[PDB]
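**Q** I'd like to ask some things about the structure below.
Cβ coordinates were reconstructed from backbone atoms using ideal geometry, including for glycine residues, and neighbour counts include every protein chain displayed. Read the figures in this text as sums done on the coordinates, not as results from a lab.
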Amino acid sequence: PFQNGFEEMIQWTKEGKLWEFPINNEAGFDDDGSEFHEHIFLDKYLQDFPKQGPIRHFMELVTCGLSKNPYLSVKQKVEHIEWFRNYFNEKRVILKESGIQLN
Amino acid sequence: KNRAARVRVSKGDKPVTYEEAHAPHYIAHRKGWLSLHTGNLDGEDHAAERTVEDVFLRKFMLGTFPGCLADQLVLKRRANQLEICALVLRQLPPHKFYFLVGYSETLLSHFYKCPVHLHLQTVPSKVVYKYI
Amino acid sequence: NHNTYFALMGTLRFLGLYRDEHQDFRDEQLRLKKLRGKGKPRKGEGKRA
Amino acid sequence: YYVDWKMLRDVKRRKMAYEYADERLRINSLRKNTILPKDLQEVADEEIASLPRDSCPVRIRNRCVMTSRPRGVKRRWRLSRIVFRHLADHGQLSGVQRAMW
Amino acid sequence: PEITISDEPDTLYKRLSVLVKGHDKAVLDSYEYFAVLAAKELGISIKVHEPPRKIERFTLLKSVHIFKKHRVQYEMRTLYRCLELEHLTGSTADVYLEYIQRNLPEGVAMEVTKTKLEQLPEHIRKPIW
Amino acid sequence: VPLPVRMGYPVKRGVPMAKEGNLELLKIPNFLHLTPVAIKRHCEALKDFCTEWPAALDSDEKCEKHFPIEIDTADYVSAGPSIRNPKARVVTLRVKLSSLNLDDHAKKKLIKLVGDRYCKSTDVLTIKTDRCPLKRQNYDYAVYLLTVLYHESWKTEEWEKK
Amino acid sequence: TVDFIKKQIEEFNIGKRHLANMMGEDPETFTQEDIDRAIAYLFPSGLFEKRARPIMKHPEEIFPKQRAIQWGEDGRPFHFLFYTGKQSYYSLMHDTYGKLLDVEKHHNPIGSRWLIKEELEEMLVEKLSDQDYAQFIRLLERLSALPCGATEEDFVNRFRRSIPXXXXXXXXXXXXXXXXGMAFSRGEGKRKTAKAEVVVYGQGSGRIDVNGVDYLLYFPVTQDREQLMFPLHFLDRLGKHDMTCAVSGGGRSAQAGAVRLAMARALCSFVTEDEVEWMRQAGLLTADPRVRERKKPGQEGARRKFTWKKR
Amino acid sequence: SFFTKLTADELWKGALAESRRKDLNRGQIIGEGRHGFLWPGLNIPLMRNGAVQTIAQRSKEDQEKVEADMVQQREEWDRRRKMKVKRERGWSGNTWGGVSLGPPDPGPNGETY
RNA sequence: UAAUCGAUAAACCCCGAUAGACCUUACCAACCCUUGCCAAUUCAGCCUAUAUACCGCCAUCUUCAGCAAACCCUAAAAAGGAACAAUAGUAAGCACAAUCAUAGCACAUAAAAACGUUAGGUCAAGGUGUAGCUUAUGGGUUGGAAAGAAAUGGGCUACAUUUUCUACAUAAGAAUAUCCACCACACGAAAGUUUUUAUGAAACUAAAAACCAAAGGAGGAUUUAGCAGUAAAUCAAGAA
Ligand SMILES: [Mg+2]
Ligand SMILES: [Mg+2]
Ligand SMILES: [Mg+2]
Ligand SMILES: [Mg+2]
Ligand SMILES: [Mg+2]
Ligand SMILES: [Mg+2]
Ligand SMILES: [Mg+2]
Ligand SMILES: [Mg+2]
Ligand SMILES: [Mg+2]
Ligand SMILES: [Mg+2]
Ligand SMILES: [Mg+2]
Ligand SMILES: [Mg+2]
Ligand SMILES: [Mg+2]
Ligand SMILES: [Mg+2]
Ligand SMILES: [Mg+2]
Ligand SMILES: [Mg+2]
Ligand SMILES: [Mg+2]
Ligand SMILES: [Mg+2]
Ligand SMILES: [Mg+2]
Ligand SMILES: [Mg+2]
Ligand SMILES: [Mg+2]
Ligand SMILES: [Mg+2]
Ligand SMILES: [Mg+2]
Ligand SMILES: [Mg+2]
Ligand SMILES: [Mg+2]
Ligand SMILES: [Mg+2]
Ligand SMILES: [Mg+2]
Ligand SMILES: [Mg+2]
Ligand SMILES: [Mg+2]
Ligand SMILES: [Mg+2]
Ligand SMILES: [Mg+2]
Ligand SMILES: [Mg+2]
Ligand SMILES: [Mg+2]
């Protein structure tokens, strides 16, 4: 049984139904244990790409975009890039045909 | 002629709750707010949710507790828990009252995924502010 | 989700707990409309006859 | 039951629009770029034109969630003026008072 | 009650700025009283002030169908109190704020800003590259 | 509750309604649990948790001479099922340049480098950080920026001589 | 209803103790002043109408007075004027007239007013009519009209009240600065979105500085400089005084006017007690109540309406 | 559509149209249901010879019977509303002349006729 | 037009819309689906007919002072019911008034403003009584609509010197409808043609430049608004 209201709240909180105090709004969200350099610095994923092409212009833009993006995990940011690798690599034809040789 | 949330003058015999006797322009002057939550303050989020939520708890309490509800139902939100106060008329035999207390708290808590606290204040007859 | 609220309170009506005055009004009225001899036609029957 | 058929339609357009969000985003990125070749952009053009257009964002219409009314909704409460007023005037809406000044 | 002491050099706060938003001025008055009375007992050395009130008004039509000559207008007022505390320890802040927040009334919100004291980062102290 | 209390707007009888079944006293948030006696007791129970403030720090001069950097960090509480508030991420650095080990060349290069985030009147270099989902992360990155700016301000290069 | 008053006063005192012991004060010196603070802190209602805010008060201030039992248990009424339906009134009347008669056989602007109608209604615990009130007061004039005895004067004193009247522009004592050892006065005017503060130094070169620049440059509109000139040209001090000025909000005329008010306020330390009433009658020290009027919805300009159509 | 529905009273105002009323509050007990559950605090007393009855479901036929009971209840009420026409005639039919109005009211003084 | 509805004396006419490219959408054109959202139901679903069946929200008299139970009187009562040196009226209630808000007064404005009236408005906010539809008056996909002979309501910008331009904040410099063959210029292009850009899957939409510079030279009968920080002029913000 509950001996007091304080008892009540206490059991709620151990249980996880009440909130922790004082509040930190990031409680319960660990964000994968990632750190800032695993968000901001995107060199890792640009290693496979033509280094002097307009492709670099574009993907440096996407880089900057995803570097500034709070609403995404690392795994999603990655997925975007890999989707672009897959995309550009799927069309070799159009790369060759536009007046630039692309790898 | 404003018909908003108002109760018309009868032959003068009609019983009226303090709330239903105080017209919309009176909110925050004499009458208070039936609900309380953070959501409508300047910098705040998710006001809408607490509104849907509130509405559904009005209908829910009116339906779970038939014929025994006295005055409109007073919701408070405090630090993720709901405190639902009700003025309830005495009709039911007390067993049934506690059955429905447990029933409500549990059911709601698992619906809104946050802990609910319920309070029944029992009253012999509807309070009469005017006429009668 | 509207289906959630609607269906949940619906079952909770027949489990005897919830009480819907609106659907009860609906009900009683529908009963009194079928009673006088106008109901809702068995699908496919109404027109061609 | 959602209150109207119009609502069903728009519920579905919300679910669609959440579904394809990233296809849209990704494809449109190339499409909106002056740095890329035009050749890429034409094909990509055909590509966003390809994906179901009930899944496009602008095809979404905020409604009053209770009452379904397509216009008159106040963004913050996702409510029609009539419903909003109705609530606020029993006092069921917190912190809203009839304004004098 | 269980207290533990860990060796690590607890965080200092130069200024702890606590804003309470509200609707009713009364609630914020009594809450000020409570906060100041809690702080006076915990030796916290605090000040309080009243920032300018915000009033947001907007307009709806007065009828269901058509009289656009006729409108209703609604308000929401947002009233402020700020408790500004000086020279707090880490734990001091954690407890005091815990006591504050736990007792926060239902009509009000609270916005905390801490300004934390850190000497210098390690790679900058006096190395140069 | 022992205390007789009448609230409500009166009828022309002149009687503010009684304390029983009074809806509008049931609306009022009550500070009852918070009656000053209770506070005194509470705070004496909390005294055990609170830890002492260092003596010398009484004056801002000593703070600055000892601790140069302020890290501004905000946190919000609003009632509802989610404790998620987006606004919390944001971190600020205030750092006084005069407290820094800078070369003449290094200082001037850092000013031009940083731009608006430097206040030339108050010497307060500010850094706001947003970009990352978690507060700790923004802290790390703001520290990173500080570090970097200092390391880069001392490095002379060709175009500098141009 | 008297049993209610007994009960209520008892419970009021019991709840009084109960209040003191929780609020932690000596139950003895507890006042209404303390009662208020107490409830106000316990049940904090933001509400505009102040009667609908929580109250614990002595039932006598809470409840209306009652008309006592008017007849014995035999049915027989106590007062002989009972059948008049207003005994309370006509008793005052009988007595008043009696006083008058005795005065006639015997005889051979302090801020004092007669009661309002509401105050006689409170004094007799009786609803009244205007005519009735008027009749009575008329009678009291008849009373004052004759030689005034001792009990005669006491009698009319019952129905006497006294009212305050206060007119002076509040005079700030000057302030002598420590730096030059010199006296200054600092005024604050406020007009129409624009506040100004003006420090006036008693020994001037005629220098007048505004927000850190000269007044000619800050008011290129001549009209404004005239407005500024008004108080000083009034008090003939034009060269004598040296003013520093800080003004913010609104547009130029509003600013010049705010400075007018602030200056004319800071000029009443260095003026004579007599010139003050002049500056009042010149209207220098009185604020301008005039401000913008809010547009009204369904209209144009708060006054201007959408063009109205007869057809 | 649960959101769309309303309170009973409102529905009867907007049914009746005064600018006869039957009540649905009559006959239904708490926990009463068509899916036929017996809830420990409502349908059934909280305890039997043995304590703390569990959550139980009646038969098909027990429910057919309780439903028959509510049906016959409604029939009973309708008959009771129709039987409500009875009168004593004063002179002729709808003429109120000569109709007994019933003894006058007791005055203030306790005087009774 | 193959192609919505509603409002339409005062009390319609930038009105429901604080808002239609697709969507919204109710419309027309073709195609398609029949326990066809839900836990269960000879059941769903209907922007189909009733606003002269209604609840809701309002308009209107109206910044008008009255409405109304409970009684009492009138050589009878359909109804009426006051005179203050008073002649039959008393009465709690709801209105007005009073207090609240516009951060202190005061005034001003805001709000409020019953009972009824106009069978005033709205079954397209939603909900309902009565009626109808049920392999369709239901539900989906794809396109398509919103053209001007006019006639009129309200706005915007003008018709210029109290003006126009540039600088600029409120002392400046130039332009200035007639010379005359200007290499046209004075006001006035919000309109169009062209090019961009914003949004968007889709420009038919908005903005900006370049061009072009038209009617207009202060307006018939008749009319609208405003009593002070108002009218008039000027600028900025928000709702969606
Ligand atoms: Mg009106
Ligand atoms: Mg849209
Ligand atoms: Mg104007
Ligand atoms: Mg007959
Ligand atoms: Mg029509
Ligand atoms: Mg019509
Ligand atoms: Mg009309
Ligand atoms: Mg108009
Ligand atoms: Mg369309
Ligand atoms: Mg249809
Ligand atoms: Mg018709
Ligand atoms: Mg009508
Ligand atoms: Mg109606
Ligand atoms: Mg009157
Ligand atoms: Mg009469
Ligand atoms: Mg006031
Ligand atoms: Mg007034
Ligand atoms: Mg008005
Ligand atoms: Mg009034
Ligand atoms: Mg009609
Ligand atoms: Mg008409
Ligand atoms: Mg309908
Ligand atoms: Mg129906
Ligand atoms: Mg179809
Ligand atoms: Mg279509
Ligand atoms: Mg014309
Ligand atoms: Mg004009
Ligand atoms: Mg000039
Ligand atoms: Mg143009
Ligand atoms: Mg031209
Ligand atoms: Mg011309
Ligand atoms: Mg005329
Ligand atoms: Mg918006």
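**Q** Starting at the first residue of the stretch G:289-302, write each ³J(HN,Hα) from the Karplus equation 6.51 cos²θ - 1.76 cosθ + 1.60 with θ = phi - 60°, in whole Hz, x for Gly and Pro.
**A** Using θ = phi - 60°, the values come out as x, 5, 8, 3, 9, 3, 4, 10, x, x, 10, 9, x, 6 Hz.
**Q** If you don't mind, another one. Give the span of chain B's Cα atoms along each principal axis, as three whole-Å numbers ordered largest to smallest.
**A** 48, 45, 19
**Q** Whole number please: convex hull volume per residue, Cα atoms of the stretch D:1-91, in Å³.
**A** 116
**Q** Let me ask something else about it. Taking the Cα atoms of the stretch G:2-101, report the difference between the largest and smallest coordinate on each principal axis, in whole Å and largest first.
**A** 58, 33, 25
**Q** Using the Cα centre as the reference, give the magnitude of the dipole from point charges on the C-beta atoms of the protein assembly as shown (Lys, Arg: +1; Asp, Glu: -1; all else neutral), rounded to the nearest 20 debye.
**A** 7260
**Q** Right, something else. Could you line up B:33, G:114 from fewest to most neighbouring Cβ atoms inside 10 Å?
**A** G:114, B:33
**Q** Let me ask something else. Skipping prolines and chain starts, which residues have an amide H placed within reach, meaning under 5 Å, of the one on residue F:76, given they are 5 or more residues away or on another chain?
**A** A:25, E:112
**Q** Compute the long axis of helix F:135-153 from its Cα atoms, compare it with the longest principal axis of the Cα atoms of chain F, and write down the angle in degrees, 0 to 90, nearest 10.
**A** Compared with the principal axis, the helix lies near 20 degrees.
**Q** Take chain A, connect every pair of alpha-carbon atoms lying under 10 Å apart with a spring to form a Gaussian network, then pick out the residue of A:61, A:42, A:18 with the largest mean-square fluctuation.
**A** For chain A, modelled as a Gaussian network with Cα springs under 10 Å, the answer is A:18.
**Q** Here is a further query. Given just the C-alpha atoms of the stretch G:193-274, how large is their convex hull per residue in cubic angstrom?
**A** Cα convex hull per residue, to the nearest whole number: 83 Å³.
**Q** Quick query: amide H of residue H:42 versus all other amide H atoms, modeled in the peptide plane; which residues come in under 5 Å with a sequence gap of 5 or more or a different chain?
**A** none
**Q** Order of F:137-149, C:27-39 by packing, highest average Cβ count within 10 Å first?
**A** Ranking the peptides F:137-149, C:27-39 by packing returns F:137-149, C:27-39.
**Q** Which residue, C:44, C:29, C:11, has the largest displacement toward the positive end of the dipole of chain C when charges sit on each Cβ (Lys, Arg +1; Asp, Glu -1)?
**A** Farthest towards the positive pole: C:44.
**Q** Using just the C-alpha positions of the protein assembly as shown as equal point scatterers, what log10 of I(q)/I(0) does the Debye formula give at each q in 0.07 1/Å?
**A** -1.06
**Q** Largest first and to the nearest Å, give the Cα extent of the stretch G:29-176 along each principal axis.
**A** The Cα atoms of the stretch G:29-176 stretch 67, 60, 33 Å along the principal axes, largest first.
**Q** Quick check: Cα centre of the stretch E:58-88 to Cα centre of the stretch F:120-144, how many Å?
**A** Centre-to-centre (Cα) distance: 35 Å.
**Q** Please compute, for peptide C:10-16, the average count of beta-carbon atoms on other protein chains lying within 10 Å of each residue's beta-carbon.
**A** Going residue by residue through C:10-16 and averaging, the value is 6.
**Q** Another one. Work out the mean other chain Cβ neighbour count within 10 Å for the residues of B:78-90 and drop it here as an integer.
**A** 4
**Q** Per DSSP helix of 4 or more residues, -39500 (n - 2.57); summed, then divided by the residues of chain G. What does that give at 222 nm, rounded to the nearest 500?
**A** Taken over chain G, the calculation gives -13000 deg cm²/dmol.
**Q** Further question on the same structure: Which far-off residues, 5 or more places away or on another chain, put their amide H under 5 Å from the one on residue H:2, with H placed in the peptide plane?
**A** Those lying under 5 Å, H to H, from residue H:2 are C:6.
**Q** Compute the distribution of all C-alpha to C-alpha distances in chain G, in bins of 20 Å from 0, and list the percent of pairs in each, rounded to whole numbers.
**A** Going out from 0 Å in 20 Å bins, chain G shows 20, 26, 37, 16, 1 percent.
**Q** Mind pulling the per residue volume of the convex hull built on the Cα atoms of the stretch G:141-286? Å³ is fine.
**A** So the per-residue hull volume is 187 Å³.
**Q** Right, something else. What FRET efficiency would be calculated for the residue pair residue H:72, residue G:6, taking the C-beta separation as r and a Förster radius of 41 Å, to the nearest 0.05?
**A** After rounding, the FRET efficiency stands at 0.10.
**Q** Let me ask you something else. Taking every pair of Cα atoms in chain A, average 1/r, invert it to obtain the Kirkwood radius, and report Rg/Rh to two decimals.
**A** Rounded to two decimals, Rg/Rh equals 1.33.
**Q** Further question: If packing is taken as the average count of other Cβ atoms within 10 Å, what order do F:15-22, E:61-68 fall into, highest mean first?
**A** My ranking of the peptides, most packed first, is F:15-22, E:61-68.
**Q** Based on alpha-carbon centroids, what's the gap between the stretch A:12-78 and the stretch D:39-83 in Å, whole number please?
**A** So the two Cα centres are separated by 28 Å.
**Q** Give the average, rounded to an integer, of partner chain Cβ atoms located within 10 angstrom of each Cβ in F:131-144.
**A** Other-chain Cβ atoms within 10 Å of each residue's Cβ, averaged: 6.
**Q** What does the highest-first list of G:140-151, A:87-98 look like by mean Cβ count within 10 Å?
**A** A:87-98, G:140-151
**Q** Under unit Cβ charges (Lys, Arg +1; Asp, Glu -1), what dipole magnitude, rounded to 20 debye, does the stretch D:1-91 have relative to its Cα centre?
**A** 820
**Q** What list do you get for G:81, B:100 if you sort them by fewest beta carbons within 10 Å?
**A** Fewest-to-most Cβ neighbours within 10 Å comes out as G:81, B:100.
**Q** Can you bin every Cα-Cα distance in chain E into 5 Å intervals starting at zero and give me the percent of pairs per bin, rounded to whole numbers?
**A** P(r) over chain E, rounded to whole percents: 2, 8, 15, 15, 12, 10, 8, 7, 6, 5, 4, 3, 2, 1, 1, 0.
**Q** Give me Rg over Rh for the stretch F:51-147, both radii from the alpha carbons and Rh done the Kirkwood way, two decimal places.
**A** Looking at the stretch F:51-147, the ratio lands at 1.06.
**Q** Further question on the same structure: ³J(HN,Hα) across the stretch H:42-59 via Karplus (A = 6.51, B = -1.76, C = 1.60, θ = phi - 60°), whole Hz, x for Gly/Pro?
**A** 10, 4, 10, x, 4, 9, 10, 3, x, 6, 6, 4, 8, 7, 10, 10, 6, 6
**Q** Continuing with the same structure: Between A:77, A:44, A:14, where does the largest GNM mean-square fluctuation fall for chain A, given springs only between Cα atoms within less than 10 Å?
**A** With Cα springs under 10 Å in chain A, the top fluctuation among A:77, A:44, A:14 is at A:14.
**Q** Continuing with the same structure: Taking Rh as the Kirkwood radius computed over C-alpha pairs, what is the Stokes-Einstein D of the stretch F:56-107 at 10 °C in a medium of viscosity 1.306 mPa s, expressed in µm² per second?
**A** In µm²/s, the coefficient rounds to 111.
**Q** Highest GNM mean-square fluctuation, chain D, Cα pairs closer than 10 Å: which of D:76, D:85, D:53?
**A** D:76
**Q** For chain H, state what percent of all Cα-Cα pairs lands in each successive 5 Å bin, counting from 0 Å until the bin that includes the largest distance.
**A** Bin by bin from 0 Å, the calculated values are 2, 7, 9, 9, 11, 12, 11, 10, 7, 6, 7, 6, 2, 0.
**Q** Could you line up H:10, H:61 from fewest to most neighbouring Cβ atoms inside 10 Å?
**A** The most exposed by this proxy come first: H:61, H:10.
**Q** Taking θ = phi - 60°, what integer Hz values does the Karplus form 6.51 cos²θ - 1.76 cosθ + 1.60 yield along the stretch H:104-113, in sequence order, with x for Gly and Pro?
**A** x, 8, x, x, x, 8, x, 3, 10, 10
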